[PDB]
Amino acid sequence: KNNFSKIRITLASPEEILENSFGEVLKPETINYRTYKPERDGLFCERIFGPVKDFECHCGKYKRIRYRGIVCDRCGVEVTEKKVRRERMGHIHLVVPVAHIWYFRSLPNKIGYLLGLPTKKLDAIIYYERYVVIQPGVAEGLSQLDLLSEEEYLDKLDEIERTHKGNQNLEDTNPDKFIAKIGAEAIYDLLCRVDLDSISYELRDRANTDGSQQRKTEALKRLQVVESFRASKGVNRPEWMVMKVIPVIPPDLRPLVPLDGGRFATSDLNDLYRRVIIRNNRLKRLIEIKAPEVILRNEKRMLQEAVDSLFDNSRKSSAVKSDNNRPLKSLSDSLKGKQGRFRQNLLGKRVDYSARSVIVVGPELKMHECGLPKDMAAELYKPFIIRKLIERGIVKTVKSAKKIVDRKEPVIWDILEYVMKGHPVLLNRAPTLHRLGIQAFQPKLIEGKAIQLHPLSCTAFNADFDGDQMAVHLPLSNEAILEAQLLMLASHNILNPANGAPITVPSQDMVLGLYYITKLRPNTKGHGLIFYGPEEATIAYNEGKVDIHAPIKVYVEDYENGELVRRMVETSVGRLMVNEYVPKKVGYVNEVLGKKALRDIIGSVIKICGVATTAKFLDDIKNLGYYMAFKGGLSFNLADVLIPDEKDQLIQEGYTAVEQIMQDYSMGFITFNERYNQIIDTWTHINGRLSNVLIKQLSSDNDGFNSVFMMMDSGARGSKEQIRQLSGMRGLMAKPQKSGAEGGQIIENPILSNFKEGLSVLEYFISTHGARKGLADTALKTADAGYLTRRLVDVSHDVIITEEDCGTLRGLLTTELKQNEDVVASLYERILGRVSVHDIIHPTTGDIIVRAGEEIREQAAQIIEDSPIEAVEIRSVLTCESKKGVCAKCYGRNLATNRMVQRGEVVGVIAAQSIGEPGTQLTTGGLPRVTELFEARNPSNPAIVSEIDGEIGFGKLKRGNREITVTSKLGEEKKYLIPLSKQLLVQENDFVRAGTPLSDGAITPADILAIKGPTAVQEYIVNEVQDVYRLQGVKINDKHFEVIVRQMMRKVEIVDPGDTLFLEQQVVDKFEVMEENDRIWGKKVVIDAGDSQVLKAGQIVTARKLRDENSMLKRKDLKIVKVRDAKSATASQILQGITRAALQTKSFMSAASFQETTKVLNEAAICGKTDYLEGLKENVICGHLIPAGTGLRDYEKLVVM
Amino acid sequence: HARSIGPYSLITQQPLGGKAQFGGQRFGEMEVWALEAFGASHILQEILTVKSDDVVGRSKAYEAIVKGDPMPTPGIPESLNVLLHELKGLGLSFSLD
Amino acid sequence: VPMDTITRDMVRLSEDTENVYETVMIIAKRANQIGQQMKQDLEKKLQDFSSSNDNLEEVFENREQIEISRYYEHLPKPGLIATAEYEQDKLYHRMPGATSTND
Amino acid sequence: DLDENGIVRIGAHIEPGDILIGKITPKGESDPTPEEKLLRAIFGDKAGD
């Protein structure tokens, strides 16, 4: 089967091995490569590895699929498909016992703690170089644990000789055999014949009594190891650790083939197995004959080294070659390939129903359609077409269907037309930044070989039409297509998840056409008459009795909040034509319809009536303004651009002023730099006085049209600067000098010629200078922004919110922030969309504004802003009580729709993307400060807090640092240590408060942490990043960011863990286990006097000993209840960095594909843990449906199917 | 270039591309995160299981779509089969629970 | 009620159905069952219709079997039907395994 | 489009997939049973490894 969860790991016994192995490898060679024939019983052995190709043996007796179930006589091979080769094992049976490397390279080697030996000492006993007492018996004076090498056997034996009675007079029936060994066999027998439960209880007793620091510390580490072993009852007994027999890998993952040059491409692991096997063979040859003990020692130690190297080499000092050293690649390193293997291509993939081609602008399609060349559509949808030909009945074979769909002869495309109509397609950008780079669409046939795409969607892709080569995908499963046309489809995706801005603000040409329609000219066709609104206006325009545009008076209906006034407005056909389309819930539109106003209107209509409505509005305004812009026939000409006559005057005039300031500096009274300053000032003055007169003259020539004037003023494209160049001086340009200089100081003489007249050679040279300077600057800035983007996108990854309410009637006191000169961030967006706490009323009496637990609305928000209320209490994703998530009502507005966030949707990755992407514009700011604040690093510029309160009184000064205590009505004068080179915000007679910073620089998380709480530290850093992102002119609502900080408050440090390591400074998110489990789960049975029934391993019977000799040696526990302490689990929350916070995640696949597989697999296989797969990243890797979206509800909710 | 079904590699059950042989596009990490951001129910699962890297599953799904059963039966990718095989177990304790 | 397949734009499902995503899935189930029933009905009755002969040439001998096939091929795909069932809201959803009002 | 010399003659149009250069090589590098070489090289189609 394949459906799985709830996976467990353990260590198996040698006996279960060879069940899946078809035989031992008895021929040490790898493969007969000089004949290219398979090697029997070799590293490439068909007999043990099954068929080497589908339905064949190594001798070629069988070579075809017809041989189902037959067996080759020569080789023990099933003659079936090649697949079965990838599962069966073989084995290598090692002659000498061998000790496992992985235990040894562990810092807490479980053998080391259990037996209690010096590391190198046990290394020696394994490596045969020394002996050690293993089972002495009645040994004269040497204990079981002495360290000793030579001549002890001589003395003990020649003193002891008594009789041969204990099975060679040794301590299996009878002691008096002082016996010693070297490593593997001794530890084997010791572990297999030892018990530790009484050891555990005496560890309890000594931890009650013995030496506190060293003895208790190390022996409680030992206690961890032993009770982790004992915690298993399908027990992982240490007996299994011996690697007596090691299975062998199929050649299927270790291919071999002769390439050019007489060389075969084979895995280094194959060579390693070859070497290990051949050294085992030399062990056989040098031991089976009665060789001296030295030969046996050398061979056995060499074999131990060989197998250790095979399983994980390079641990000992490796060969160094400066250019690129190539040691033999290992098996473990191909297991622990985090970014070599397990990161990019483990997830990045090929795809099989995709296509790729170039895109072109669509001026006819709707917002939910796309143009699709005939062959791409003829090919992606091919299987569906194949079925529909099948259901035709005209075809019976998919081969014939392929024959007819490939050559594409004069038969029906009707099926492509149909299927294309309800089977949307996913359009896919290459460098997807935030989700609005992936959408679905309804596809549509067009002519040619290009992808037609609607003009107003590309801004979501943030692309240009240079010729890019967008990708397309086909879902193939109806659940997927439903998700597509229900959530993916573009019409529903009109908002910016970053913040409430609209995404599809229309472009230059539509805004130009709309600006064209709605001007106001005084006297034209049909001035001053009367209408009824629609009918009379459309008639009088449609018969040329009035032009498109003339001030007319008309009788129209608009709502006064929000009713129903119908008056005589003065307006123009045109504005009437468009306002035929503004929905009948806002009233009537009377302004010159720029870009600013267009965004205002689209916002108001969305906020008043919702998504589908505002979509239809935007589509139709597109179409009409776009046609009108065309029929107006707008173009550009030289006569359009009038240079001002006075420019020839004005440019001249400044010269004489320049002349004087020349002669002034000629007489030298004026400094050179201030000469520079004065001349640049004068030339800037003349630049401005030319530019403004230019623009006004541009306006007034028709007031109805000047291609440049309307292209500028309507905000289609352009600026005052560009147009000034097109008709006035180029301005000033910088003297950069490009190297070792700031640039800065600029040329004394401006580039006075404008692009109209042409440029002299030198000026054009200076322009090339500056322009390529700017291009180089842009290139380097893009390079700089790339690293910020990649890292800060790699900040975070996490799990979802999970409850409909969070009960925590203890929310934040939210107010508006003003930074010491004015207000820069409003409460309006700070309050908007966030559930409220207590019903609020206006100071004007008797007007309930909100009901508790209601979605605050924009109208309500405006009313509140108008009201003289100062702050309000609302919930914070922080204060959520609900563990393993956040409550629905905790968070608030969805920001993608405009609704309350609903159950089941992942907020975290959204917050990540939205907070990372503006980094590309992010230009101390930048990556440094951001990562400094996330990753809990010291500011290196030591700012601290006052941590107490009082009224400031200046003490002694001038030490190079300032020992100052403010004051304390409490009674303290503890002295702080801010160095003098640190700016201080402290002034005499002021009243400081506890936790108040006193010095410049960033406050360490510890100060505010300890003296103010996680809420305080989180709000501090939220404010800080919001400040910087605001200073870089990018708007982000704090919610996203506030999610991230939550993950970093989750950690505690435990100071008094009486019943665990006392150093498990674990995550306070795992705060439940702190007292609930209490090693005994709340001391429910910490008692022996009545009954415990678990510690009955003591001689417990009523017998005046369950009732008078109360139960055991310590009458109850003789000092305190079983612990020598009450067992508090005292702890204090401590902040951490995002990187480490990720590192301390609790899951074995999660960490294993994160960092250091060895440590985590060690701890896990030690603990024998089971994992139920109930994680996001974990289940991503396992290739099942993730525990979000689906995986909260409809993870249940599956019967009926 | 485009492709629906094509020749299969001999080192992995992934069909390569490049218009030398059609193949497909790199379904990279970032669109994995995008289908993460919204609730990809079967989109992401079929992308990483049957759309790619399951020649057996791909053949079955193809034959089903042409044979009239659009309901898939996604199983376990070889990447996890490789995971059990390459971890190498030891004395082997994989799970059946 | 005729659908004449288009792309759908929804807030109404937030009225009758408590959550968007659960709504998606239940529509998915209903679409599944509708598709299964249509596919079985079509396959049985068509294989009954063409039981006389299954050759490539013989299927087109009257043009009317093709006509009925393309008529049903002119019918909307199951997901459209399920969606339309929720704008008509003839179905009700509850805890696991909600089913149509067909009884 | 191929000539009798195993190559496409000059003077033809090419639809994708058709032969360009005819290269057929009895490379008996399958020292594991070249009797397969002979066996399928005597069938007439002479795939014969």
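Residues numbered from 1 in each chain as written, not as in the entry; some residues may be left out. Chains lettered and ligands numbered in written order. Part of a larger assembly, values for the part shown. Heavy atoms only, no water.

Draft legend 1. Broad picture of the overall build of chain C. Counting secondary structure elements, chain C contains four helices and zero strands. Helices and strands in chain C line up, N terminus first, as α-α-α-α. Since a compact globule built from 103 residues should have a radius of gyration of about 13 Å, the 18 Å found for chain C marks it as more spread out than a globular shape. Across its three principal axes, chain C shows a C-alpha extent of roughly 55 × 25 × 20 Å. Classification of the 103 residues of chain C by burial places 38% in the buried group. Long-range pairs, those at least 24 residues apart, make up 71% of the contacts in chain C between residues at least 6 apart in sequence. Taking the 12 positively charged and 20 negatively charged side chains of chain C as two groups, their mean positions are separated by 4 Å. (Helix = DSSP H or I, 4+ residues; strand = E, 2+ residues; numbered from the N terminus. Rg over C-alpha atoms; globule rule 2.2 N^0.38 Å. Buried < 20%, exposed > 50% of the residue type's maximum accessible area, 1.4 Å probe, protein only. Contact = heavy atoms within 4.5 Å. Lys, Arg positive; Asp, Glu negative; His and termini not counted. Charge placed at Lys NZ, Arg CZ, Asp CG, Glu CD.)

Draft legend 2. Fine view of the state of the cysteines. Residues and elements named next belong to chain A. One pass over the full model with this rule turns up three disulfides over all chains. One disulfide in the model links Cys806 with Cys887; its S-S distance is 2.0 Å. Taken together, the positions of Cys806 in the loop between helix 27 (761-793) and strand 18 (812-814) and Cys887 in the loop between strand 21 (872-874) and helix 30 (888-891) put the pair 81 residues apart, joining distant regions of the chain. Assessed through its relative accessible area of 0%, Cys887 is described here as buried. The disulfide partner of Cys806 is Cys890, and the gap between their sulfur atoms is 2.1 Å. One end of the pair, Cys806, is in the loop between helix 27 and strand 18; the other, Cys890, is in helix 30, and 84 residues separate them in sequence. As far as the burial class goes, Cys806 and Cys890 line up, both buried. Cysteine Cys59 remains unbridged, with the sulfur of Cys72 as its closest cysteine sulfur at 5.5 Å. (Disulfide = S-S within 2.5 Å.)

Draft legend 3. Structural context of the packing of aromatic side chains. Residues and elements named next belong to chain A. A complete count under the given rule lists seven aromatic pairs over all chains for this structure. Both rings, one in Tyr665 and one in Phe672, keep their centres 5.8 Å apart while their planes meet at 55°; by these two values the pair is tilted. An aromatic cluster of three or more residues is present, and its members are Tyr33, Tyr36 and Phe264. The residue whose ring lies beneath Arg88 is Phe22, and the NZ or CZ to ring-centre distance is 3.5 Å. The ring of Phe342 has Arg341 lying over it, and the distance from NZ or CZ to the ring centre is 4.8 Å. (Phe/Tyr/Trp six-rings, centres within 6.5 Å; stacked < 30°, edge-to-face > 60°. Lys NZ or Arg CZ within 6 Å of the ring centre and 35° of its normal.)

Draft legend 4. View of the arrangement of the chains. The interface with the most contacts, out of four pairs of chains in contact, is the one formed by chains A and B. You won't find any contact between chain B and chain D; their C-alpha atoms come no closer than 12 Å. There is no contact between chain C and chain D; across them, the least C-alpha separation is 27 Å.

Draft legend 5. Spatial organisation of the sheet that holds strand 2 (residues 21-24) of chain A. Residue and element names in this part refer to chain A. What the three strands build is an open sheet, ordered 2-3-6; its pairing is mixed. With one partner strand each, in any of the chains shown, strand 2 and strand 6 (245-248) form the two edges of the open sheet. The average undirected angle you get between the axes of adjacent strands in this sheet is 30°. (Pairing = 2+ DSSP bridges. Axes fitted to C-alpha atoms, helices over the stretch in contact; angles between N-to-C directions.)

Draft legend 6. Spatial organisation of the pattern of salt bridges. Per the counting criterion, the structure on display carries 62 salt bridges over all chains. Ionic pairing is found between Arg790 of chain A and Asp794 of chain A, a salt bridge with its closest N-O pair at 2.8 Å. Taking the shortest distance from any N to any O, the salt bridge between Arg30 of chain C and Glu85 of chain C comes out at 3.1 Å. Placement of the pair is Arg30 of chain C in helix 2 (residues 20-49) and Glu85 of chain C in helix 4 (residues 78-88), with a sequence separation of 55 residues. Linked by salt bridges that have partners in common, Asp312, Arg315, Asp333 and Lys336 of chain A make up one network. (Salt bridge = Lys/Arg side-chain N within 4 Å of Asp/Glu carboxyl O.)

Draft legend 7. Expanded view of unusual backbone geometry. All names here are of chain A. A cis amide bond links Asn561 to the next residue, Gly562, at an omega of -25°. Mapped onto the secondary structure, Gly562 falls in the loop between strand 16 (552-560) and strand 17 (563-571). Residue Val1199 is joined to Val1200 through a cis peptide bond whose omega torsion reads 5°. When you line up the elements, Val1200 lands in the segment after helix 39 (1176-1182).

Draft legend 8. Spatial organisation of the interface of chain A and chain B. The partner chain B presents 62 residues to the 77 residues of chain A that form the contact. Carbon and sulfur atoms make up 57% of the area that chain A and chain B hide from each other, which totals about 6,800 Å². Its largest share of buried area at the contact with chain B, chain A owes to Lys349, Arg350 and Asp352 of chain A, together 12% of the area lost on that side. Where chain A packs against chain B, one counts five salt bridges. The closest approach of N and O atoms between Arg790 of chain A and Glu29 of chain B, which form a salt bridge, is 3.8 Å. Summed over the shared surface of chain A and chain B, the number is 31 residue pairs in polar contact. (Buried area = accessible area lost by both parts, 1.4 Å probe. Polar contact = N/O pair within 3.5 Å; in protein donor to acceptor, adjacent residues only side chain to side chain.)

Draft legend 9. Summary view of a negative patch on the surface. Residues and elements named next belong to chain A. Side chains of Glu140, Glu150, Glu151, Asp155, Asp158, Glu159 and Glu161 sit close together on the surface and give a patch of like negative charge. Within the secondary structure, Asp158 is located in helix 5 (residues 152-160). The class for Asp158 is partly exposed, based on a relative accessible area of 48%. (Patch = residues over 30% accessible without salt bridge, like charges linked within 9 Å, V, L, I, M, F, W, Y side chains within 5 Å. Areas by Shrake-Rupley, 256 points an atom, 1.4 Å probe, with all protein chains shown as cover.)

Draft legend 10. Structural context of the packing of helix 31 (residues 908-916) of chain A against helix 1 (residues 29-37) of chain B. Look at helix 31 of chain A against helix 1 of chain B: their axes get within 9 Å of each other, and the N-to-C directions meet at 130°. As far as their axial angle goes, helix 1 of chain B and helix 31 of chain A are oblique. Here helix 31 of chain A runs over helix 1 of chain B; the crossing is left-handed. Packed against helix 31 of chain A, whose contacting residues are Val909, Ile910 and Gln913 of chain A, the element helix 1 of chain B presents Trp33, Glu36 and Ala37 of chain B at the interface. (Parallel < 35°, antiparallel > 145°, perpendicular 65-115°, else oblique. Left-handed = near helix turned anticlockwise from the far one by under 90°.)

Draft legend 11. The arrangement of the pairing of strand 13 (residues 438-445) of chain A in detail. Residues and elements named next belong to chain A. By the criterion of burial, strand 13 is predominantly enclosed, with seven of the eight residues buried. In this sheet, strand 13 lies alongside strand 11 (residues 369-372) in parallel orientation, the contact comprising four bridges. By the bridge assignment for strand 13, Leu372 is matched with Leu445. Pairing geometry for strand 12 (residues 425-428) and strand 13, over four bridges, is antiparallel. What sits directly across from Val425, in strand 13, is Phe441.

Draft legend 12. The side chain of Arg88 of chain A, seen in detail. Residue and element names in this part refer to chain A. Relative to the assigned elements, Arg88 resides in the loop between helix 1 (46-49) and strand 3 (89-93). Among the residues examined, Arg88 registers a relative accessible area of 6% and is labelled buried. Within polar-contact distance, the side chain of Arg88 engages the side chain of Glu78 at 2.2 Å. Apart from residues lying up to four places away in sequence, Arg88 is in contact with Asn20, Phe22, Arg47, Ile48, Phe49, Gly50, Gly76, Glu78 and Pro250.

Draft legend 13. Main features of a nonpolar patch on the surface. A cluster of nonpolar residues, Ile7, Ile14, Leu20 and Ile21 of chain D, forms a patch on the protein surface that exposes about 360 Å² of accessible area. One can find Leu20 of chain D in the segment before helix 1 (35-41).

Draft legend 14. Structural detail: the packing of helix 18 (residues 508-517) of chain A against helix 22 (residues 611-631) of chain A. Residue and element names in this part refer to chain A. Orientation of helix 18 relative to helix 22, taken along the N-to-C sense of each, is 70°, at an axis distance of 8 Å. Overall, the two elements helix 18 and helix 22 adopt an arrangement that is roughly perpendicular. On helix 22, the residues that touch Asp509, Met510, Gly513, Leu514, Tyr516 and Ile517 of helix 18 are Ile621, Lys622, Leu624, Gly625, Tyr626, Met628 and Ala629.

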